[PDB]
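Form deposited in one PDB entry, single chain, as structure tokens, below.
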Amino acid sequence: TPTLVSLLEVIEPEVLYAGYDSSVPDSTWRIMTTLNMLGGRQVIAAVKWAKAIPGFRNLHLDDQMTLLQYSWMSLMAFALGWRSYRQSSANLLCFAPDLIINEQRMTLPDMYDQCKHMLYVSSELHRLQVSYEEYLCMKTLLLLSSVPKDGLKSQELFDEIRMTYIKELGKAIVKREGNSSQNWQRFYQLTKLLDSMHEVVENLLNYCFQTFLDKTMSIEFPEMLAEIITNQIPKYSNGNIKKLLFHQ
């Protein structure tokens, strides 16, 4: 029988290239623009990925759409943190193999202020020495981190699916012997990082929503992101979001 985490591991999507021509100089506008086009391709891959997570397709189609709309930024930022954490010990952002933002590229105007919220994720993964298995359980949990004010059409089932992946995160923590007040502290620490993603996403979405809405900025978003953003902007103004937390 295959374990649940091994099933999350085989569906881990391939690395996408940004298509960034480095023979041309950098600019903040050029990088932000390239990243949005990459972001849309990465979100399309996250849809294919979500559909293969055991249990996810059993939710009402409207709930599948809802979870993907609420969590896309959280999934994008968490996965970027992982790639950055695995790339080097240095303070870099590995957006793609052809677009790595080093300390020299961070000197670009307004670059550091958007990049620091993203650098926090890899910093926490380095500091907590997060494993591949813990990451895979945590990333699936980030997909199930927000729900509508009045919940989902398959809420009962969602709470069951969510519980299963919380238990799965527990199993990965224990697999790193370990035991026992040491384990409770690992669960505390990792679920605290999961909770802080809501704050990371809030900062990322402020940039995202502003650059989308202000057409004088000339910052393009592909169909995939434009659609999700158009749908999500009113949901953040009508309080139609219940951000799930492990620690109150």
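Rigid core (definition): largest C-alpha set, two forms, superposition within 1.5 Å. Residue numbers run from 1 along the displayed sequence. Shifts are known only where both forms have a C-alpha.
Another form, the form deposited in another entry, is not on view; read the next lines as being about it.
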Picking from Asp62, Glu202, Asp195, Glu220, which residue has its CA shift by 2 Å or more between this form and the one not shown, once the rigid core of the two forms is superposed?
-> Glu220
Once you line up the core, how about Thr34: does its CA shift reach 2 Å between this form and the one not shown?
-> no
Pin down for me whether the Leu144-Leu225 Cα distance shrinks or grows in the other form relative to this form (closer or farther, change of 3 Å or more).
-> farther
Just say closer or farther for the C-alpha distance from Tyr70 to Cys208 in the other form, relative to the shown form; it changes by 3 Å or more.
-> farther
Sequence-ordered runs, three or more residues, C-alpha shift 2 Å or more between this form and the one not shown, rigid core = 89 to 91, 208 to 231
